[PDB]
Amino acid sequence: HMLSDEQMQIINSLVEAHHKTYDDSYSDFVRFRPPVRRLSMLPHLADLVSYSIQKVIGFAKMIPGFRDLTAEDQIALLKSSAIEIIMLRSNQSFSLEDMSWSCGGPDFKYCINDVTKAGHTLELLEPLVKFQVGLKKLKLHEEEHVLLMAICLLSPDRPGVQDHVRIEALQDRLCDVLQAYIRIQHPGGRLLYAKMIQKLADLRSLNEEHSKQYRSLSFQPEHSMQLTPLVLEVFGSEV
Amino acid sequence: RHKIXXXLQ
Ligand SMILES: C=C1/C(=C\C=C2/CCC[C@]3(C)[C@@H]([C@H](C)CCCC(C)(C)O)CC[C@@H]23)C[C@@H](O)C[C@@H]1O
C-alpha cells in the first residue's frame, strides 16, 4: 500500500505548520529574561514556556480541522495539552550526549539542575529526562514527531472537551495517517506506532506531576509574580 | 481579566 493524496496533504501541512512554529535558530531566546545560575531560573524558564505556549497555539491552528471545532473545544484541548506538546516539541533540542536541552547557546543549555532552580523536583525531572531519552532513542522521522504532537493535541479525553465525538474522529484520522506512514515509509518500524502511543501515556503522567508541582509554585505570590500572563492563564485552574 | 487564549483569533 501507499499513502493517499489526502493523507499526504495532512503530512505536508502538519510539517510546514511545525516549521513555521519552531525556530531552529532559537534566536528569540535573547528577548527572554536572562537565565541565572531561590528560583533564579523561574523568570527565564517561565519566559521560555510562555513563548512556546504561543507556538503550540500556532501549531494547533494549522492542524487539519482544528480550526473548525468550537472555539471552546480548541481552548480546552490547548490548555490541557500545552504542557505535553511542550515536553514533546522540546525533544528536538534534547541531545543525549549532554542529557540537556542545548539551545544554540551555552546560556541556553538547560541541565536538570537548572530546572530545579525554577521550582521543580526530581519527582518530575527524572521521569522527564527518561521520557526525552526514550523518545530521542526512537529516532523518529519529522512526520512522525509532528504527527505525534497533533495526535497528542487532539485527544478528546481531556477536561472541558465538549464535542468528544468529533475530536475523536480527527484524532483517529491522524492516528491512521501515522500508522500508514510507519508501515509504508519506515524501514524497521514494525512496532513503532505502539512505542509512540506509550509515549503519549508517559506524557499524561508527567502532566499530572507538573500540574501538582506548578500548583504549589503558583500559589505563592513570591513566584506567581515571576510567571507571565499567558502561563498563568493556561496552567491555571480558572474554567 | 480577559482571556488571552480569542491570541484563537
Ligand atoms: C520549551 C521548549 C525547550 C525546552 C523545554 C524544556 C527545557 C527546560 C525545562 C522545561 C521547560 C520543563 C519545565 C518543567 C517547565 C516548567 C514550567 C513552569 C516553571 C512555568 O512551571 C518542561 C520542558 C523543559 C527548548 C525548545 O525545544 C523550545 C521548546 O518549546
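Residues numbered from 1 in each chain as written, not as in the entry; some residues may be left out. Chains lettered and ligands numbered in written order. Heavy atoms only, no water. Residues with missing side-chain atoms left out of burial classes, pairs and counts.

Structure determination for this PDB entry was carried out by X-ray crystallography, with a resolution of 2.3720 Å recorded in the header.

### Quick look at the overall build of chain A
Convention followed: Elements are defined by DSSP. Helices are runs of H or I of four residues or more, strands are runs of E of two residues or more, and each kind is numbered from the N terminus. When we talk radius of gyration, it's over C-alpha atoms, and the globule rule is simply 2.2 Å times the number of residues to the 0.38.
Each helix and strand in chain A was counted, giving 10 helices and 3 strands. Each helix (α) and strand (β) of chain A, taken in turn from the N terminus, gives the series α-α-α-β-β-β-α-α-α-α-α-α-α. Taking 239 residues into account, the globule formula puts the C-alpha radius of gyration at 18 Å, and chain A, at 18 Å, falls close to it. Principal axes of the C-alpha set define a box for chain A whose edges measure 55 × 40 × 30 Å.

### So, helix 5 (residues 122–137) of chain A
So the rule is basically this: Helices are assigned an expected span. That span is 1.5 Å times one less than the residue count.
Between its first and last C-alpha, helix 5 of chain A extends 21 Å over 16 residues, near the 22 Å set by a 1.5 Å rise per residue. After helix 5 of chain A finishes, the residue A:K139 shows a positive phi value of roughly 45 degrees.

### Considering the environment of A:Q226
Residue and element names in this part refer to chain A. For clarity, the cut-off: Any pair of residues with heavy atoms lying within 4.5 Å of one another is described as a contacting pair.
Positionally, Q226 belongs in the loop between helix 9 (221–224) and helix 10 (229–234). The spacing of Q226 and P43 is 183 residues in sequence and 5.6 Å in space, taken between C-alpha atoms. Leaving out residues up to four positions away in the same chain, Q226 has contacts with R33, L42, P43 and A46.

### A closer look at the UniProt feature "short sequence motif: 9aaTAD" in chain A
For clarity, the threshold we go by: UniProt positions are given in the numbering used here, feature names are shortened, and annotations may be inferred rather than shown by experiment.
Following the UniProt record, the feature "short sequence motif: 9aaTAD" maps to residues 229–237 of chain A here. Counting secondary structure, residues 229–237 of chain A comes out at 67% helix and 0% strand; the distance between its end C-alpha atoms is 14 Å.

### With respect to the sheet that holds strand 3 (residues 109–110) of chain A
Adjacent strands of a sheet pair through backbone hydrogen bonds, lying either parallel or antiparallel. Residue and element names in this part refer to chain A. Worth spelling out the cut-off: Note on pairing: two strands pair once DSSP finds at least 2 bridges between them.
Taken together, the 3 strands give an open sheet; going across it, the order is 1-2-3, and neighbouring strands pair in antiparallel fashion. Looking at which strands have only one partner, the edges of the open sheet turn out to be strand 1 (94–95) and strand 3. Relative to strand 3, strand 2 (residues 100–102) runs antiparallel, the two sharing 2 bridges. Bridge assignment links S102 to a residue of strand 3, and that residue is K109.

### Re the packing of helix 3 (residues 71–89) of chain A against helix 8 (residues 192–218) of chain A
Residue and element names in this part refer to chain A. What counts is decided by this rule: The angle between two axes is taken between their N-to-C directions and runs from 0 to 180 degrees, where each axis is a line fitted to C-alpha atoms and a helix contributes only its stretch in contact. Left-handed describes a crossing in which the near helix is turned anticlockwise from the far one by less than a right angle; the clockwise case is right-handed. Only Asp, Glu, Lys and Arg are considered charged, only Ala, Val, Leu, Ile, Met, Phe, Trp, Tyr, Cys and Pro nonpolar, and every remaining residue, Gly among them, polar.
Across the interface, helix 3 lies against helix 8 with an axial gap of 10 Å and an inter-helix angle of 115 degrees. The two elements helix 3 and helix 8 meet at a crossing, and its hand is right-handed. Residues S80, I83, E84, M87 and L88 of helix 3 form the contact with helix 8, whose own contacting residues are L203, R204, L206, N207 and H210. Within the contact of helix 3 with helix 8, the residues separate by chemical class into 5 nonpolar, 3 polar and 2 charged.

### Considering the pattern of salt bridges
Any two side chains of opposite charge can pair, so long as their charged atoms come close to each other. All names here are of chain A. The condition is simple: We define a salt bridge as a contact between a side-chain nitrogen of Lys or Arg and a carboxyl oxygen of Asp or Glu at a distance within 4 Å.
Two residues, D157 and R204, come together in a salt bridge whose shortest N-O distance is 2.9 Å. Within this pair, whereas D157 is found in the loop between helix 6 (142–153) and helix 7 (164–185), its partner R204 is found in helix 8, the two being separated by 47 residues in sequence. Here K199 makes a salt bridge to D202, at a shortest N to O gap of 3.5 Å. Residue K199 and its partner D202 are both found in helix 8; the two are separated by 3 residues, about one turn of the helix.

### Focus: helix 3 of chain A
The cut-off we apply is this: Note that bend, as reported per residue, equals the angle between axes fitted to the 7 residues terminating at that residue and the 7 residues originating from it.
Between its first and last C-alpha atoms helix 3 of chain A spans 23 Å; for 19 residues at 1.5 Å apiece the expected length is 27 Å, and the helix comes up short by more than 12%. Along its length, helix 3 of chain A reaches its greatest deviation from straightness, about 55 degrees, at A:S81.

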